[PDB]
Amino acid sequence: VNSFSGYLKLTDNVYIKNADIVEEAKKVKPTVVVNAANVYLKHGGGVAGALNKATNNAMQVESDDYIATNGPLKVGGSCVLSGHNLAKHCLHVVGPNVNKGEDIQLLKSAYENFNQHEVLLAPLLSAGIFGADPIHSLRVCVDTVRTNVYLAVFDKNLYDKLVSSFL
Ligand SMILES: Cn1ncc2c(=O)[nH]c(CCC(=O)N3CC[C@@H](C(=O)O)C3)nc21
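Read on for an overview of the structure.

1. Overview of the environment of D155
Summarising the element assignment, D155 is placed in the loop between β7 (148–153) and α6 (156–164). Judged by relative accessible area, which is 41%, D155 ranks as partly exposed. As a C-alpha pair, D155 and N97 span 58 residues in sequence and 19 Å in three-dimensional space.

Written as structure tokens, this is what we have:
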């Protein structure tokens, strides 16, 4: 038993809710919140900008030190940093950004990072400003992630569509 509420169950291990991931994180304080990161951990917009704003820019400060030490992530890769006031940990995961021409097949590699964590609160990778089809992203999620994932979908219209079209 865990503290997530109001989710629709899609499969044995994947759940979905129309929610603002920032507000969901602040209420649940999950062990892991996933950020829709880029390779530079520059949290300007989308999910990343919103999560970072909710940490009063502490996420960005920590991220800049990480990059200065380690260099950029790989597309499809991840790193674990602090969750600040939102979660114990933040798993920064880089899905391919279609608006940069990145290979969509890297989306499966990105979701594989979730399997290193037993339970996660997450957005749909490569959705939103990353330009991928969220329905495809949900399919890859279901077919790749084996651990327990609670997906927060900000847009109510997109949420209902994702549910109504789910196979
Ligand atoms: C602090 N605060 N107060 C009012 C408002 C507001 O109306 N919007 C935002 C930006 C929120 C945002 O961009 N995302 C949340 C989920 C997400 C996704 O893409 O899943 C993108 N922050 C606010």
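Once the structure has been displayed, the description carries forward.
2. Some remarks on the nonpolar core
Generally speaking, a soluble globular protein has its nonpolar side chains buried in company with each other. The biggest cluster of nonpolar side chains holds 26 residues, and the ones touching the most others in it are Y111, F114 and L151. Of all the secondary-structure elements, those providing two or more residues to this core are β2 (14–18), β3 (32–36), β5 (89–93), α4 (106–112), β6 (119–122), α5 (134–144), β7 and α6. Looking at this core element by element, the count peaks at four residues for α5. Discounting chain neighbours no more than four positions away, the residues touching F114 are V34, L91, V93, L120, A122, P123, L125, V145, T147 and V149. If you look at the next biggest cluster of nonpolar residues, it comprises 17 residues, including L86, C90, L121 and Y150.

3. Quick notes on the site of the ligand
As a matter of local geometry, the ligand sits amid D20, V47, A50 and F154. Protein chains bury 45% of the 530 Å² of accessible surface belonging to the ligand in isolation. Grouping the amino acids of the shell around the ligand by side-chain chemistry returns three nonpolar, no polar and one charged.

4. Some details on the side chain of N35
For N35, the position within the fold is in strand β3. Looking at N35, the relative accessible area reads 0%, which means it is buried. Looking at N35, its side chain comes within polar contact range of the side chain of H43, at 3.3 Å.

5. Considering the layout of surface pockets
Quantified by volume, the largest pocket comes out at close to 540 Å³. Within the residue set of the lining of the largest pocket, elements represented by two or more residues are α1 (21–28), α2 (46–54) and β7. No other element matches α2, which puts four residues into the lining of the largest pocket. For the lining of the largest pocket, a count of residues per class yields 17 nonpolar, six polar and four charged.

6. Observations regarding the pairing of β7
Most of β7 is tucked away: five of the six residues are buried. Where β2 and β7 come together, five bridges link them in parallel fashion. In the strand pairing of β7, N18 is matched with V153. Where β6 and β7 come together, four bridges link them in parallel fashion. Directly across from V119, in β7, lies its bridge partner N148.

7. Things to note about the packing of α5 against α6
It is at 10 Å that the axes of α5 and α6 come closest, and there the two elements cross at 55 degrees. Considering the angle they form, α5 stands oblique to α6. The two elements α5 and α6 cross, and the hand of that crossing is right-handed. Listed contacts from α6 to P134, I135 and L138 of α5 are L158, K161 and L162.

8. Overview of the pattern of salt bridges
Applying the stated criterion to the full structure yields four salt bridges. Notably, a salt bridge pairs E23 with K26, separated by 3.2 Å at the nearest N-O pair. Taken together, the residues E23 and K26, both in helix α1 and three residues apart, mark about one turn of the helix. Judged by relative accessible area, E23 falls into the partly exposed class, the value being 45%. We note a salt bridge from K156 to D160, for which the minimum N-O separation is 2.8 Å. Taken together, the positions of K156 and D160, both in helix α6 and four residues apart, correspond to about one turn of that helix.

The rules behind each value
Residues numbered from 1 in each chain as written, not as in the entry; some residues may be left out. Heavy atoms only, no water. Helix = DSSP H or I, 4+ residues; strand = E, 2+ residues; numbered from the N terminus. Buried < 20%, exposed > 50% of the residue type's maximum accessible area, 1.4 Å probe, protein only. Core = buried A, V, L, I, M, F, W, Y, C linked by side-chain atoms within 4.5 Å. Contact = heavy atoms within 4.5 Å. Near = heavy atom within 4 Å. Areas by Shrake-Rupley, 256 points an atom, 1.4 Å probe, with all protein chains shown as cover. Nonpolar A, V, L, I, M, F, W, Y, C, P; charged D, E, K, R; others polar. Polar contact = N/O pair within 3.5 Å; in protein donor to acceptor, adjacent residues only side chain to side chain. 1 Å grid on protein atoms, 1.4 Å probe; cavity = no way out; pocket = protein on both sides within 12 Å on 5 of 7 lines; lining within 4 Å. Points joined across faces, edges and corners; volume = space filled by probe spheres on them. Pairing = 2+ DSSP bridges. Axes fitted to C-alpha atoms, helices over the stretch in contact; angles between N-to-C directions. Parallel < 35°, antiparallel > 145°, perpendicular 65-115°, else oblique. Left-handed = near helix turned anticlockwise from the far one by under 90°. Salt bridge = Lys/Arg side-chain N within 4 Å of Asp/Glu carboxyl O.

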